[PDB]
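**Q** For reference, this is my_file-v2.cif, and it has mmCIF, C-alpha atoms.
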```
data_coords
#
loop_
_atom_site.group_PDB
_atom_site.id
_atom_site.type_symbol
_atom_site.label_atom_id
_atom_site.label_comp_id
_atom_site.auth_asym_id
_atom_site.auth_seq_id
_atom_site.Cartn_x
_atom_site.Cartn_y
_atom_site.Cartn_z
ATOM 1 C CA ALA P 1 93.235 112.251 108.141
ATOM 2 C CA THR P 2 95.862 110.114 109.590
ATOM 3 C CA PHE P 3 96.984 106.610 108.405
ATOM 4 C CA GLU P 4 99.785 104.935 110.350
ATOM 5 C CA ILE P 5 100.909 101.886 108.354
ATOM 6 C CA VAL P 6 102.787 99.435 110.669
ATOM 7 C CA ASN P 7 104.882 96.270 109.180
ATOM 8 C CA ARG P 8 104.707 93.806 112.129
ATOM 9 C CA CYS P 9 105.604 90.957 109.749
ATOM 10 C CA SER P 10 109.069 89.381 109.927
ATOM 11 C CA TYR P 11 109.662 90.123 106.146
ATOM 12 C CA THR P 12 109.858 93.465 104.366
ATOM 13 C CA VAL P 13 106.781 94.751 102.618
ATOM 14 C CA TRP P 14 106.291 97.632 100.220
ATOM 15 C CA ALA P 15 103.212 99.377 101.346
ATOM 16 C CA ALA P 16 100.920 101.083 98.754
ATOM 17 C CA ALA P 17 98.144 103.689 99.117
ATOM 18 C CA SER P 18 96.074 104.711 96.068
ATOM 19 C CA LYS P 19 92.533 105.734 94.954
ATOM 20 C CA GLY P 20 92.631 104.485 91.823
ATOM 21 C CA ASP P 21 93.867 107.317 89.588
ATOM 22 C CA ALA P 22 96.337 109.034 91.927
ATOM 23 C CA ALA P 23 98.660 108.304 94.787
ATOM 24 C CA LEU P 24 97.688 108.914 98.359
ATOM 25 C CA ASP P 25 100.484 110.774 100.114
ATOM 26 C CA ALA P 26 103.750 109.439 98.700
ATOM 27 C CA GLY P 27 101.860 106.300 97.152
ATOM 28 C CA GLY P 28 104.109 103.812 98.620
ATOM 29 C CA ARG P 29 107.152 103.084 100.692
ATOM 30 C CA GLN P 30 109.570 100.123 101.767
ATOM 31 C CA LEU P 31 108.814 98.973 105.331
ATOM 32 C CA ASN P 32 111.354 96.689 106.870
ATOM 33 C CA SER P 33 109.974 94.638 109.992
ATOM 34 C CA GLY P 34 108.944 96.782 112.563
ATOM 35 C CA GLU P 35 108.921 100.034 110.555
ATOM 36 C CA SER P 36 105.800 102.642 110.791
ATOM 37 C CA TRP P 37 104.878 105.052 107.940
ATOM 38 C CA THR P 38 102.221 107.694 108.743
ATOM 39 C CA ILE P 39 100.333 109.331 105.794
ATOM 40 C CA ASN P 40 98.033 112.022 105.219
ATOM 41 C CA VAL P 41 94.782 111.423 103.316
ATOM 42 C CA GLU P 42 92.343 114.183 102.478
ATOM 43 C CA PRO P 43 89.250 114.610 103.669
ATOM 44 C CA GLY P 44 86.149 113.151 101.858
ATOM 45 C CA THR P 45 88.286 110.609 99.960
ATOM 46 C CA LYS P 46 86.400 108.056 98.193
ATOM 47 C CA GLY P 47 87.282 104.487 97.479
ATOM 48 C CA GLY P 48 90.787 104.575 98.961
ATOM 49 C CA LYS P 49 92.882 101.437 99.341
ATOM 50 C CA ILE P 50 95.965 100.411 101.326
ATOM 51 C CA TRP P 51 97.820 97.153 100.587
ATOM 52 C CA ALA P 52 101.164 95.396 100.951
ATOM 53 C CA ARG P 53 103.417 94.303 98.132
ATOM 54 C CA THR P 54 105.890 91.454 98.501
ATOM 55 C CA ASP P 55 109.206 90.467 96.935
ATOM 56 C CA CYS P 56 109.842 93.788 95.137
ATOM 57 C CA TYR P 57 112.847 95.260 93.372
ATOM 58 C CA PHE P 58 113.080 98.979 92.615
ATOM 59 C CA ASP P 59 115.812 100.960 91.100
ATOM 60 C CA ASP P 60 117.220 104.267 91.955
ATOM 61 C CA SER P 61 114.235 106.081 90.358
ATOM 62 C CA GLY P 62 111.741 103.959 91.555
ATOM 63 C CA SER P 63 110.601 101.653 88.824
ATOM 64 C CA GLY P 64 110.660 97.898 89.238
ATOM 65 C CA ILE P 65 108.501 94.837 89.900
ATOM 66 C CA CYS P 66 106.855 93.057 92.831
ATOM 67 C CA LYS P 67 105.611 89.483 92.957
ATOM 68 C CA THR P 68 102.336 90.476 94.633
ATOM 69 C CA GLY P 69 100.552 93.763 94.318
ATOM 70 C CA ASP P 70 102.434 95.525 91.733
ATOM 71 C CA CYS P 71 101.051 98.932 90.659
ATOM 72 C CA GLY P 72 102.339 99.375 87.127
ATOM 73 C CA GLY P 73 105.972 98.782 88.063
ATOM 74 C CA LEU P 74 106.086 102.063 90.403
ATOM 75 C CA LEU P 75 107.506 102.263 93.932
ATOM 76 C CA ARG P 76 105.067 105.190 94.423
ATOM 77 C CA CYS P 77 101.647 103.851 93.412
ATOM 78 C CA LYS P 78 99.368 105.988 91.581
ATOM 79 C CA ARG P 79 97.105 103.092 90.556
ATOM 80 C CA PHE P 80 95.785 99.953 92.218
ATOM 81 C CA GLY P 81 97.657 96.685 92.636
ATOM 82 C CA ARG P 82 97.841 93.453 90.695
ATOM 83 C CA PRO P 83 96.103 90.527 92.754
ATOM 84 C CA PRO P 84 96.536 88.716 95.043
ATOM 85 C CA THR P 85 96.339 91.696 97.414
ATOM 86 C CA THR P 86 94.593 91.773 100.774
ATOM 87 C CA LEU P 87 92.864 95.164 100.793
ATOM 88 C CA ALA P 88 92.175 97.875 103.398
ATOM 89 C CA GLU P 89 89.403 99.971 101.856
ATOM 90 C CA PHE P 90 87.935 103.312 102.878
ATOM 91 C CA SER P 91 85.826 106.288 101.902
ATOM 92 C CA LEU P 92 85.993 109.195 104.342
ATOM 93 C CA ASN P 93 83.544 111.921 105.463
ATOM 94 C CA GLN P 94 80.488 110.550 103.665
ATOM 95 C CA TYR P 95 77.896 112.812 104.474
ATOM 96 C CA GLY P 96 79.201 112.591 108.555
ATOM 97 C CA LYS P 97 80.805 109.153 108.510
ATOM 98 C CA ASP P 98 83.843 107.327 107.232
ATOM 99 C CA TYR P 99 83.349 103.542 106.127
ATOM 100 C CA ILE P 100 86.034 100.942 106.463
ATOM 101 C CA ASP P 101 86.464 97.484 105.269
ATOM 102 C CA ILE P 102 88.927 94.710 104.516
ATOM 103 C CA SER P 103 88.364 92.891 101.210
ATOM 104 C CA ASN P 104 89.551 89.336 99.951
ATOM 105 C CA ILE P 105 87.802 90.038 96.583
ATOM 106 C CA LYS P 106 91.212 90.401 94.938
ATOM 107 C CA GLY P 107 92.763 87.716 96.824
ATOM 108 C CA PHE P 108 95.053 87.594 99.837
ATOM 109 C CA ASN P 109 98.773 88.079 100.274
ATOM 110 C CA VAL P 110 99.436 89.481 103.779
ATOM 111 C CA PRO P 111 97.422 89.277 107.042
ATOM 112 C CA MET P 112 95.994 92.602 108.145
ATOM 113 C CA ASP P 113 94.403 94.538 110.976
ATOM 114 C CA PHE P 114 92.645 97.903 109.975
ATOM 115 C CA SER P 115 91.623 99.583 113.350
ATOM 116 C CA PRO P 116 90.460 103.107 114.161
ATOM 117 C CA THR P 117 93.041 105.267 116.391
ATOM 118 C CA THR P 118 90.255 107.698 117.412
ATOM 119 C CA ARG P 119 86.669 106.375 119.571
ATOM 120 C CA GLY P 120 83.323 105.290 118.221
ATOM 121 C CA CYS P 121 83.871 102.394 116.028
ATOM 122 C CA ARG P 122 85.690 98.895 116.019
ATOM 123 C CA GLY P 123 88.277 97.673 113.649
ATOM 124 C CA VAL P 124 88.403 94.791 111.181
ATOM 125 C CA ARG P 125 90.961 92.021 110.703
ATOM 126 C CA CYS P 126 91.904 89.054 108.512
ATOM 127 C CA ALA P 127 94.821 87.149 110.091
ATOM 128 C CA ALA P 128 94.218 83.601 109.219
ATOM 129 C CA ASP P 129 97.171 81.353 107.006
ATOM 130 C CA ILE P 130 95.013 81.817 103.991
ATOM 131 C CA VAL P 131 98.204 81.266 101.705
ATOM 132 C CA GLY P 132 98.870 77.993 103.877
ATOM 133 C CA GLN P 133 95.681 76.598 103.061
ATOM 134 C CA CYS P 134 94.693 78.123 99.950
ATOM 135 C CA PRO P 135 92.885 75.778 97.509
ATOM 136 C CA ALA P 136 95.926 74.574 94.449
ATOM 137 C CA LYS P 137 93.980 76.196 91.651
ATOM 138 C CA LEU P 138 93.962 79.544 93.508
ATOM 139 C CA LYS P 139 97.619 79.499 94.535
ATOM 140 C CA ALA P 140 99.864 82.237 93.123
ATOM 141 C CA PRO P 141 103.116 81.261 91.996
ATOM 142 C CA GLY P 142 104.636 84.370 92.966
ATOM 143 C CA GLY P 143 102.979 84.213 96.400
ATOM 144 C CA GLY P 144 99.492 84.607 97.871
ATOM 145 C CA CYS P 145 96.038 83.135 97.311
ATOM 146 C CA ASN P 146 94.141 84.475 94.280
ATOM 147 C CA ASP P 147 90.414 85.127 94.108
ATOM 148 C CA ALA P 148 88.383 82.906 91.781
ATOM 149 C CA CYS P 149 87.363 85.833 89.548
ATOM 150 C CA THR P 150 91.218 86.445 88.773
ATOM 151 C CA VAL P 151 91.852 82.742 88.109
ATOM 152 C CA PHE P 152 88.681 81.947 85.984
ATOM 153 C CA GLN P 153 87.095 85.132 84.592
ATOM 154 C CA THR P 154 83.482 83.946 84.798
ATOM 155 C CA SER P 155 80.389 86.055 85.297
ATOM 156 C CA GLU P 156 79.562 84.069 88.386
ATOM 157 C CA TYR P 157 82.907 84.616 90.151
ATOM 158 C CA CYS P 158 83.329 88.154 88.859
ATOM 159 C CA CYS P 159 79.645 89.031 89.500
ATOM 160 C CA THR P 160 79.798 90.764 86.130
ATOM 161 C CA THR P 161 76.052 91.387 85.705
ATOM 162 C CA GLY P 162 75.427 92.414 89.315
ATOM 163 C CA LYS P 163 74.009 88.946 90.021
ATOM 164 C CA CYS P 164 75.934 86.088 91.575
ATOM 165 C CA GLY P 165 75.977 83.929 94.648
ATOM 166 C CA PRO P 166 78.655 82.655 96.990
ATOM 167 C CA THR P 167 80.862 79.825 95.695
ATOM 168 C CA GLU P 168 83.128 77.123 97.052
ATOM 169 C CA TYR P 169 85.943 79.556 96.646
ATOM 170 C CA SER P 170 84.288 82.619 98.154
ATOM 171 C CA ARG P 171 83.228 80.508 101.138
ATOM 172 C CA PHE P 172 87.189 79.236 101.543
ATOM 173 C CA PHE P 173 87.860 83.078 102.254
ATOM 174 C CA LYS P 174 84.778 83.715 104.371
ATOM 175 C CA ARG P 175 85.810 80.380 106.564
ATOM 176 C CA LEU P 176 88.916 81.882 107.437
ATOM 177 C CA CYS P 177 88.007 85.672 107.617
ATOM 178 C CA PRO P 178 84.299 86.254 108.274
ATOM 179 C CA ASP P 179 85.135 89.754 108.806
ATOM 180 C CA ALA P 180 86.360 90.520 105.251
ATOM 181 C CA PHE P 181 84.423 90.626 101.964
ATOM 182 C CA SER P 182 84.697 87.222 100.258
ATOM 183 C CA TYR P 183 82.945 88.098 96.926
ATOM 184 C CA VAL P 184 81.382 91.157 95.314
ATOM 185 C CA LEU P 185 77.849 90.704 96.725
ATOM 186 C CA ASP P 186 78.792 89.445 100.178
ATOM 187 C CA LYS P 187 76.720 90.736 103.058
ATOM 188 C CA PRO P 188 78.681 93.906 103.917
ATOM 189 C CA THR P 189 81.144 93.756 106.798
ATOM 190 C CA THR P 190 81.744 97.483 106.439
ATOM 191 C CA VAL P 191 82.286 99.570 109.564
ATOM 192 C CA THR P 192 80.840 103.072 109.902
ATOM 193 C CA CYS P 193 83.118 105.463 111.828
ATOM 194 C CA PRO P 194 82.770 109.152 112.693
ATOM 195 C CA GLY P 195 83.841 111.450 109.896
ATOM 196 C CA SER P 196 87.507 112.478 110.071
ATOM 197 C CA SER P 197 88.649 109.482 112.115
ATOM 198 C CA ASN P 198 92.275 108.316 112.109
ATOM 199 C CA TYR P 199 93.410 104.731 111.598
ATOM 200 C CA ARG P 200 96.192 102.177 111.889
ATOM 201 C CA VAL P 201 96.856 99.467 109.314
ATOM 202 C CA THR P 202 99.120 96.674 110.589
ATOM 203 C CA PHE P 203 100.360 93.959 108.671
ATOM 204 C CA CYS P 204 100.819 90.665 110.443
ATOM 205 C CA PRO P 205 99.319 91.638 113.407
ATOM 206 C CA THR P 206 99.453 88.622 115.391
ATOM 207 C CA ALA P 207 103.172 88.355 114.471
#
```
For this file, produce the structure as structure tokens.

**A**
Amino acid sequence: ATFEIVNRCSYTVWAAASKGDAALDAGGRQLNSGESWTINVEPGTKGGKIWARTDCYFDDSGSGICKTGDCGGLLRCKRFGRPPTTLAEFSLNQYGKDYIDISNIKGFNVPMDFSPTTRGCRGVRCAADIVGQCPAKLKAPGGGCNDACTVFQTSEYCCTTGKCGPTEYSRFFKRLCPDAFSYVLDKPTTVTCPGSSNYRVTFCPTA
């Protein structure tokens, strides 16, 4: 399948695409404003993620640091990103369908649209100034708006036992992006698409 990752923000991002234990395609790439990076993801991939990283430095080989979303200090992510990271999430060709979501369960750094480029299903977006509003205890120095489970490490926020409810903090993310997951047991805002769909991720969409 095809992912076209478009930086419509006015600042550079360092896009990342991982499943957790391996890169997807090249695993990451600088995107200056306006730049598109199309990747190939296999069919049947489960639990894939695409995110932005901000305020990075990488040296000639590729090792470095970012202030949001860092994946073990690699330009080319083979693992997931340090919060706060707005997340595009997907598992493809499940049993005849792909399933797409955007998640604020690790926080928020960059606004995002995650739309299918082929018919049958509808996209999902979170574009609200979450970082401008973000509650003080959830602010991340380095940039972004952390989730409560990152800031406090409780069973209730982290839904550790498989039981939890919404919270004042989950609800701050759900007021601003009803169409993204705001905590682990949120009513799912997943989208079911035909198997083998293609997609566009766009950062700052409304930019």

**Q** Separation of CA of residue 158 (chain P) and CA of residue 103 (chain P), in Å?

**A**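 CA of residue 103 (chain P) lies at a distance of 14.2 Å from CA of residue 158 (chain P).
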
**Q** Taking all atoms listed in the file into account, produce a table as a Markdown table in which each residue of region 30-129 of chain P with an atom at most 6 Å from an atom of region 1-17 of chain P appears once, together with its shortest atom pair and the distance in Å to one decimal, ordered by chain and rising number.

**A**
```
| residue | atom | partner | partner_atom | distance |
| --- | --- | --- | --- | --- |
| P:30 | CA | P:14 | CA | 4.4 |
| P:31 | CA | P:13 | CA | 5.4 |
| P:32 | CA | P:12 | CA | 4.3 |
| P:33 | CA | P:10 | CA | 5.3 |
| P:34 | CA | P:8 | CA | 5.2 |
| P:35 | CA | P:7 | CA | 5.7 |
| P:36 | CA | P:6 | CA | 4.4 |
| P:37 | CA | P:5 | CA | 5.1 |
| P:38 | CA | P:4 | CA | 4.0 |
| P:39 | CA | P:3 | CA | 5.0 |
| P:40 | CA | P:2 | CA | 5.2 |
| P:41 | CA | P:1 | CA | 5.1 |
| P:49 | CA | P:17 | CA | 5.7 |
| P:50 | CA | P:17 | CA | 4.5 |
| P:51 | CA | P:16 | CA | 5.3 |
| P:52 | CA | P:15 | CA | 4.5 |
| P:53 | CA | P:14 | CA | 4.9 |
| P:54 | CA | P:13 | CA | 5.3 |
```

**Q** Name the residues, using the chain letters and numbers of the file, that sit within 8 Å of (85.7, 111.0, 97.9) when counting only C-alpha atoms, and give them as a list in words.

**A** residues 43, 44, 45, 46, 47, 91, 92, 93 and 94 of chain P

**Q** Of the candidates P:106, P:171, P:163, P:67, which shows the shortest atom-to-atom distance to residue 135 (chain P), using only C-alpha atoms?

**A**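 Closest candidate: P:171.
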
**Q** Report, in Å to a single decimal, how far apart CA of residue 155 (chain P) and CA of residue 185 (chain P) are.

**A**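 That distance, rounded to one decimal, is 12.6 Å.
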
**Q** Care to translate the PyMOL selection byres ((chain P and resi 85-87) around 7) into actual residues of this file, as number ranges by chain?

**A** P: 49-51, 68-69, 83-84, 88-89, 102-104, 106-110

**Q** Tell me, as a ChimeraX atom specification, which residues lie within 7 Å of region 124-130 of chain P, counting only C-alpha atoms; anything in the same chain fewer than 5 positions away does not count.

**A** /P:101-102,111-115,145,176-177,179-180,204
